[PDB]
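S.K.:
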Amino acid sequence: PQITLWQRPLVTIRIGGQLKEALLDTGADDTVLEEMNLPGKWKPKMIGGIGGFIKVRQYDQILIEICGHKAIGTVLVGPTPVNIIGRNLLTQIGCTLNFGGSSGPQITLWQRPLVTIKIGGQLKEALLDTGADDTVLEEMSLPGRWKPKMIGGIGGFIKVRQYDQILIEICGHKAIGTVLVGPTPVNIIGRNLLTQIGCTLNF
Ligand SMILES: CC(C)[C@H](NC(=O)N(C)Cc1ccccn1)C(=O)N[C@@H](Cc1ccccc1)[C@H](O)[C@@H](O)[C@H](Cc1ccccc1)NC(=O)[C@@H](NC(=O)N(C)Cc1ccccn1)C(C)C
Numbered sequence: 003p004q005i006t007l008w009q010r011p012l013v014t015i016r017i018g019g020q021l022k023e024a025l026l027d028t029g030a031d032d033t034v035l036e037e038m039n040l041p042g043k044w045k046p047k048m049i050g051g052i053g054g055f056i057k058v059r060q061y062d063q064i065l066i067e068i069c070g071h072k073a074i075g076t077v078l079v080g081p082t083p084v085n086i087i088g089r090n091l092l093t094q095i096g097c098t099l100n101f102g103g104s105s106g107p108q109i110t111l112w113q114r115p116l117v118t119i120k121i122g123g124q125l126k127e128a129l130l131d132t133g134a135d136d137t138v139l140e141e142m143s144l145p146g147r148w149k150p151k152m153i154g155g156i157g158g159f160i161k162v163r164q165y166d167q168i169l170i171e172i173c174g175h176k177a178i179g180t181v182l183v184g185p186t187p188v189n190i191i192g193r194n195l196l197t198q199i200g201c202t203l204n205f
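Counting in the numbering used here, the sequence shown runs from 3 upward without gaps.
#1: Output the boundary residues of the alpha helix (DSSP H) element that contains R193.
#2: Could you work out which residue in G42, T110 and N189 is closest to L125 when comparing CA atoms only?
#3: Would the stretch 45-65 count as touching the stretch 98-107 if we require 3 or more Cβ pairs under 8 Å?
#4: In terms of residues, what are the limits of the alpha helix (DSSP H) holding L91?
#5: Check whether the stretch 16-23 touches the stretch 50-69, counting contact only when three or more Cβ pairs, one atom from each stretch, lie closer than 8 Å.
#6: Kindly indicate which residue of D32, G179 and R89 has the alpha-carbon position closest to the one of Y61.
#7: Taking the straight line between their C-alpha atoms, what separation do you get for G122 and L116?
#8: Report, in whole angstroms, the separation of the C-beta atoms of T186 and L139, which I expect to be a contact under 8 Å.
#9: From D136 to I95, what does the alpha carbon distance come to, in whole angstroms?
#10: According to DSSP, is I121 helix, strand or coil?
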């Protein structure tokens, strides 16, 4: 199958005899599920994201079915707004990112999908992130007017500066779109620019 990124890549998993909805997320190392009470023992863990850390419980060897495909791995359970399928499970279902309509350059998720971007006129690297609505870069100087905005993620909300109609080159592809600038741990390329450069998920 192929998943487009016009929408959030939400899918049905099953985890127990339960269907759940979850987000297919290439920028997440880990898989995070909403609070549910599993039998088993767990380890305490702190995970971070945009706006800070939350505490989670780590369960090992959970089996999930993602789109008729089985995966077995570590899941973290906690007060997440959304169930996130991270690269630890996505690699097991054979999921790749493909640019150019389909293979096309093909990117595996065994490691973090980091690429070089050129943004006026520096090179940075950024994570290709199918779970993000928006593109968030580290603090930099872009020419143009901006406005304050707030965005959130795991851990909460950050204040960003929004610039519209900015040119960016992602792997030699041009995109012209909105970029948020603020105190993000990582440069994130989200669905707003991913779609411009013809990125899909395939398995
Ligand atoms: C779940 C965590 C275990 C995960 N963290 C994580 O993997 N690490 C910290 C390790 C790491 C380090 C360096 C590089 C890569 N990975 C995480 O938050 N990953 C982010 C990307 C990120 C990595 C590192 C630092 C900061 C961010 C996700 O991949 C990213 O897609 C998240 C997912 C998300 C979405 C909704 C709610 C919670 C989490 N989106 C976001 O944080 C964006 N927000 C949204 O898009 N929304 C809140 C809208 C929305 C609503 C509903 C559904 C989806 N999206 C920001 C960037 C604008």
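C-beta atoms are modelled at their ideal positions from N, C-alpha and C, and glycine is treated no differently.
M.R.: Judging by the given coordinates:
#1: The continuous alpha helix (DSSP H) containing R193 extends over residues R193 to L196.
#2: It is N189.
#3: As far as the Cβ criterion goes, the stretch 45-65 does not touch the stretch 98-107, which means the pair count is below three.
#4: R89 to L92 is the extent of the alpha helix (DSSP H) around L91.
#5: A contact is defined here as three or more CB-CB pairs under 8 Å, and the stretch 16-23 meets this definition with respect to the stretch 50-69.
#6: Cα-wise, what sits closest to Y61 is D32.
#7: Near 19 Å, if we compare the C-alpha coordinates of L116 and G122.
#8: Correct: roughly 7 Å between the Cβ atoms.
#9: Straight through space, the alpha carbons of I95 and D136 are spaced by roughly 26 Å.
#10: In the structure shown, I121 sits in a strand (DSSP, three-state: E or B).
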